[PDB]
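Atoms within each ligand, like the ligands themselves, are counted from 1 in listed order. Numbers for residues simply follow the sequence, beginning at 1.
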Amino acid sequence: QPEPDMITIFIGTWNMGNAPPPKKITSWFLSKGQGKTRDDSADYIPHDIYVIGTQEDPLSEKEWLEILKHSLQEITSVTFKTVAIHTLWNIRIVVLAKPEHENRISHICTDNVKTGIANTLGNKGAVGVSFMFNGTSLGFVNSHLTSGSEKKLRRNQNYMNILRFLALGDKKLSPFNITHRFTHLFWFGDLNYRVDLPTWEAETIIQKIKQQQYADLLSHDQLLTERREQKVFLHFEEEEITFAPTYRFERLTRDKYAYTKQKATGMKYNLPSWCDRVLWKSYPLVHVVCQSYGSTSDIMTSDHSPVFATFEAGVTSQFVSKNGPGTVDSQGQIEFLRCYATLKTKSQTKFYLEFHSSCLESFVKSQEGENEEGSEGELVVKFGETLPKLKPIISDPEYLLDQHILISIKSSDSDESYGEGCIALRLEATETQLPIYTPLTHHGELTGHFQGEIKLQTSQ
Ligand SMILES: CC(=O)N1CCN(CCCc2ccccc2)CC1
Ligand SMILES: CC(=O)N1CCN(CCCc2ccccc2)CC1
């Protein structure tokens with residue numbers, strides 16, 4: 001039985017509004033309703049992995065697992081296996097996989113982060129799951145961020161706290177946050193960003209939604225505008241939104257948006273908004289294609305509608321050669337030529353690099369670079385031709401060209417990372433000097449760039 005080179009992944013996010021679900025929720029897992037929907041001809045085809053994020057979830061883990069599994073079994077006639085379940089307060093993530101994947105999945109991790117302090121600590125935060133699927137690392141984050149139209153900055157701060165402090169994936173990748181630890185990272189939830197238009201415009205917004213004219217609403221969506229100004233979710237992608245705002249509905253219908261201020265809302269307006277979102281970040285030149293992104297129309301127990309997204313995701317095999325794992329393969333090498341980092345820092349320590357990759361027996365530390373001043377004020381750290389030759393465990397190009405090198409630039413004085421990035425080995429040529437580039441981030445914010453050339457030797 002061959003190992004797959006692609007899998008499909010279902011992502012669901014639903015703020016359940018503290019109410020039990022209705023008896024049938026299959027439309028969610030079938031990607032039916034509004035937006036980019038899944039073809040009817042696929043309805044019986046199971047996804048490989050289902051990842052369900054809930055917020056304001058009133059159910060026990062047992063109660064929700066029984067609903068989810070019985071739902072999938074009705075759709076597919078497959079009994080899914082539970083990979084992981086993790087709950088923080090009323091924020092929950094469930095990962096289910098087809099039984100054939102049980103032996104392909106390993107290194108299962110769970111974590112949570114509580115956001116805010118005192119007043120603002122007690123119900124918002126995130127849960128996450130990571131695991132390996134054969135040679136591919138997968139991360140999943142369900143976050144419930146701060147509510148309210150005038151708190152976009154708090155939401156951005158919640159995002160940074162979550163990506164700093166959520167402890168998933170390989171702990172040996174110590175300089176790297178979750179935004180670098182995974183081949184594919186999916187981040188979803190009730191992110192709570194709003195359509196920023198005046199309150200007086202509520203009925204106009206409702207009109208536009210009834211006409212399915214979302215353009216003048218999406219141009220005021222705080223998540224898209226904050227992302228465009230590089231305030232949040234730097235280097236993540238989102239599919240185009242082609243479904244109506246998923247919040248705030250009157251329960252038991254979808255015919256009415258309940259936006260007016262009430263004692264129960266803290267006297268806040270809830271203009272119709274895309275609170276419920278799915279974003280992703282995959283390593284460079286790895287296959288990832290969004291095949292659905294939408295909302296259900298027939299699940300009405302909550303003041304939010306469920307959101308679905310599905311993905312094709314490239315995966316790689318566990319690789320064994322006569323040499324690695326357990327030794328190097330002398331027919332392989334990775335050379336960095338003429339490399340330099342450009343950093344935004346005002347500091348003047350020396351810097352060194354660390355190269356981390358599962359194609360190496362362990363991470364590699366460079367010598368210190370040579371600091372120069374850039375023409376527009378910047379620090380440039382030159383490595384020239386000084387960088388250590390990297391010795392991969394396997395030389396076979398079918399393995400090596402699918403790998404990635406994580407880079408951290410660290411202060412000699414503090415050993416703290418000033419910037420992290422990622423280089424794909426999916427090159428146009430081997431034994432050929434080719435340009436490389438990554439932006440560098442720290443705590444998910446842009447701190448610099450790394451560029452140079454690479455020369456990759458494989459056994460072919
Ligand atoms: C954190 C958590 O909720 N756990 C319960 C389920 N466990 C996984 C059960 C075995 C398995 C199933 C499917 C793929 C691989 C392995 C792991 C621990
Ligand atoms: C080379 C490439 O294909 N890409 C890199 C740049 N990306 C730009 C996304 C622009 C945008 C729109 C709205 C909010 C934030 C950002 C798109 C993907």
Side-chain angles (χ1 to χ4, degrees), residues 4 7 9 46-54 60-62 64-65 68-69 72 78-88 91-112 127-134 136-140 142 152 156 159 166-169 179 187 191 193 195-196 214-215 217-242 274 277-290 293 315 318 421-422 424 426 435-439 441 444-446 449:
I7 59 171
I9 303 177
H47 293 296
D48 291 291
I49 302 179
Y50 292 76
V51 184
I52 306 83
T54 52
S60 68
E61 289 187 347
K62 173 179 181 175
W64 187 220
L65 280 169
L68 294 174
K69 288 203 179 199
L72 296 184
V78 174
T79 303
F80 277 78
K81 298 287 196 190
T82 306
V83 175
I85 180 163
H86 190 67
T87 308
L88 167 65
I91 308 163
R92 179 177 288 150
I93 184 165
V94 182
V95 179
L96 305 179
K98 303 186 55 186
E100 66 191 77
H101 296 328
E102 179 182 352
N103 297 289
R104 297 181 169 123
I105 290 171
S106 72
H107 298 85
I108 301 160
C109 303
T110 63
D111 198 23
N112 64 260
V127 294
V129 175
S130 67
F131 51 92
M132 294 294 301
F133 184 98
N134 284 338
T136 301
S137 59
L138 299 178
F140 303 90
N142 171 25
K152 79 183 181 194
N156 299 346
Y159 163 82
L166 197 63
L168 296 175
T179 74
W187 190 320
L191 313 186
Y193 292 87
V195 167
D196 217 340
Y214 306 134
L217 304 181
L218 287 165
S219 70
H220 294 275
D221 170 68
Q222 293 165 337
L223 183 50
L224 285 168
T225 61
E226 290 296 270
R227 275 183 65 220
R228 200 174 276 282
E229 291 181 38
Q230 292 181 34
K231 304 301 194 80
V232 77
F233 278 104
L234 180 64
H235 306 141
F236 281 73
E237 308 299 332
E238 190 188 23
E239 179 60 281
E240 184 184 356
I241 294 166
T242 63
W274 288 278
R277 305 294 273 265
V278 178
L279 297 93
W280 74 92
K281 180 182 183 185
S282 301
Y283 285 170
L285 297 179
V286 181
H287 180 87
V288 54
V289 180
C290 182
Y293 189 38
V315 291
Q318 305 180 39
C422 181
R426 187 162 282 173
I436 57 169
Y437 170 71
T438 183
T441 62
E445 297 190 317
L446 194 67
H449 306 277

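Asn134 has its side chain out of reach of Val315: every pair of non-hydrogen atoms, C-beta onward, lies at least 4.5 Å apart.
Electrostatic pairing of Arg104 and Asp48 does not count as a salt bridge here, judged by no charged N lying under 4.0 Å from a carboxylate O.
Taking every non-hydrogen atom of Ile85 and a distance limit under 4.0 Å, the qualifying atoms of ligand 1 come out as 2 (C), 3 (O).
With sequence neighbours excluded, no residue forms a ring pair (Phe, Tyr, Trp, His ring centres under 6.0 Å) with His86. Not counting sequence neighbours, the partners of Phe133 by the ring pair (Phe, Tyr, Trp, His ring centres under 6.0 Å) test are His101. Remark: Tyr283 engages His404 in a ring pair (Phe, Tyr, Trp, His ring centres under 6.0 Å) (not counting sequence neighbours).
On a distance-only criterion, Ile105 and ligand 1 share no N/O pair closer than 3.5 Å.
Among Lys152, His220, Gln222, the single residue meeting the side chain to side chain donor-acceptor pair (under 3.5 Å) criterion with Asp196 is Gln222.
In this structure, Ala84 has a heavy atom closer than 4.0 Å to ligand 1.
Near ligand 2, residues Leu224, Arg227, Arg228, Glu237 each place a heavy atom inside the 4.0 Å sphere around the ligand atoms.
Under the 3.5 Å distance criterion, the side-chain polar atoms of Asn142 are matched with a main-chain donor or acceptor of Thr54.
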